[PDB]
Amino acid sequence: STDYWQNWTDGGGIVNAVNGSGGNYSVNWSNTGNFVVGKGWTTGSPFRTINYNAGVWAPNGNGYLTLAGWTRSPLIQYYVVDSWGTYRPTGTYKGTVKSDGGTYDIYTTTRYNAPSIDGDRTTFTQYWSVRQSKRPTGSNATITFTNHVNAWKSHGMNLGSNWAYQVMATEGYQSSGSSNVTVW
């Protein structure tokens, strides 16, 4: 089951995150900076199948409903974005991957002098799978993460050997909204 609660805010606006029972959490946010809230696992796995149900997905502005995680060796942040608000994240286009009923575009981005799990000022690459259209929410959904890892790997996108957290997240920037998600 899930063993990790992520609740990070850069301190802008309100992020009211509720660590609920089991794999359940909610977030109600207002006029935020950057934040990431979610439930999953202390130690991520390239093999894991993440199940979730987003009972509420109501961003007003930039929010992502996304698998979010990190590796070290090297330091990489990765995403599998299923839904969003006013902004679909993109970057350097690498290809596509089909998984769990949808097609995702694959992208890489680079962050400079940015907060990471290794410091408040670091340089790192982000790997993305971004669904081509918003995934319906409210039903039980799967993300077969092995499919994304294999697709990324085949496009020369190597994850680090040391796996950090891995969560089904609400991430926001400069936005308001409400979400309710259960992860298992």
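We number the residues from 1 along the sequence you see.
S.K.: On average, which has the higher Cα B-factor in the deposited entry, 44 to 52 or 129 to 137?
M.R.: 44 to 52 has the higher mean C-alpha B-factor.
S.K.: Higher average CA B factor in the deposited record is what I'm after, so tell me if that's 159 to 167 or 172 to 180.
M.R.: Here the higher of the two C-alpha B-factor means belongs to 159 to 167.
S.K.: Looking at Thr86, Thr90, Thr110, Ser83, which has the highest Cα B-factor in the entry?
M.R.: Most elevated C-alpha B-factor of the set, per the entry: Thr110.
S.K.: What third of its chain's C-alpha B-factors does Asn62 belong to: lowest, middle or highest?
M.R.: Lowest third of the chain for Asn62's C-alpha B-factor.
S.K.: Within this chain's modelled residues, let me know which third the CA B factor of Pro115 belongs to: lowest, middle or highest.
M.R.: Within its chain, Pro115 is a highest-third residue by C-alpha B-factor, going by the deposited values.
S.K.: Lowest, middle or highest third of the chain for the C-alpha temperature factor of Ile106?
M.R.: Lowest third of the chain for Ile106's C-alpha B-factor.
S.K.: Check where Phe145 lands among this chain's C-alpha B-factors and tell me if it's the lowest, middle or highest third.
M.R.: Middle third of the chain for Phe145's C-alpha B-factor.
S.K.: Taking only the Cα B-factors deposited for this chain, tell me whether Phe124 sits in the lowest, middle or highest third.
M.R.: Highest third, going by the recorded CA B-factors of the chain.
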